[PDB]
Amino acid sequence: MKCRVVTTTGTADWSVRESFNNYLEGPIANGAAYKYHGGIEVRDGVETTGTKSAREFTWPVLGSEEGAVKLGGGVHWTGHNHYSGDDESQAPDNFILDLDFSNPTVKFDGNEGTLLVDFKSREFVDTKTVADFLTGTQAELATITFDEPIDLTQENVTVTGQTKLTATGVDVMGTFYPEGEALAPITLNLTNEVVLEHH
């Protein structure tokens, strides 16, 4: 028989949302109202440059399967720290806004797709509550429309998609965005090594 093996490498450029990074690193979430400040930490292969509205993230491609590009990496945002004592080891447990996205997956079919993410985010209850984390594994955070159909049999792919928050994503982001809210666009920078085997 004739078999096709596709090995996909590369990165995805996805800032999540510029105005969210601007707010989180700014004086509302991490200014003079709070004794302890948080910010943004990245891990597991994410690269980042800039701060606030200029911040960018690149996420490493782990590989592909039929209809999906699997990314690695994690980003953690923290703000609105509710703790004002003198024990700094308490601060990490007291950020009212405490959001983590990791291992995004881009599912696709032609020029449509879905952005899946592992998430851990405190629920927004009110401004005086450190609420319990909401969590999800490969949850649908956004829908995607690409500027061309995704074809992983092409060796070099650079394609950008617009993203819109899902109903699931509404609760992840504290209900501050409505369903359908635009998020940052996602660019896939892929190299697809296609090997045909008679085997």
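Throughout, we count residues from 1 along the sequence that is shown.
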Can you let me know which of the two, 17-25 or 187-195, has the higher average C-alpha B-factor in the entry? 187-195
May I ask you to compare 126-134 and 56-64 by their mean CA B factor in the entry and name the higher one? 126-134
Specify which of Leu165, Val157, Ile144, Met173 carries the largest Cα B factor in the deposited PDB entry. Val157
Selection by C-alpha B-factor (highest) of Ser121, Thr114, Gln90, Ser102: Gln90
Would the CA B-factor of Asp44 place it in the lowest, middle or highest third of its chain? highest
What third of the chain does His76 rank in for C-alpha temperature factor, lowest, middle or highest? lowest
Split into thirds by Cα B-factor across the chain's modelled residues, where does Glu140 land: lowest, middle or highest? lowest
Among modelled residues of the same chain, the CA temperature factor third for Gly169: middle
Going by the recorded CA B-factors, say which third of the chain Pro149 sits in, lowest, middle or highest. highest
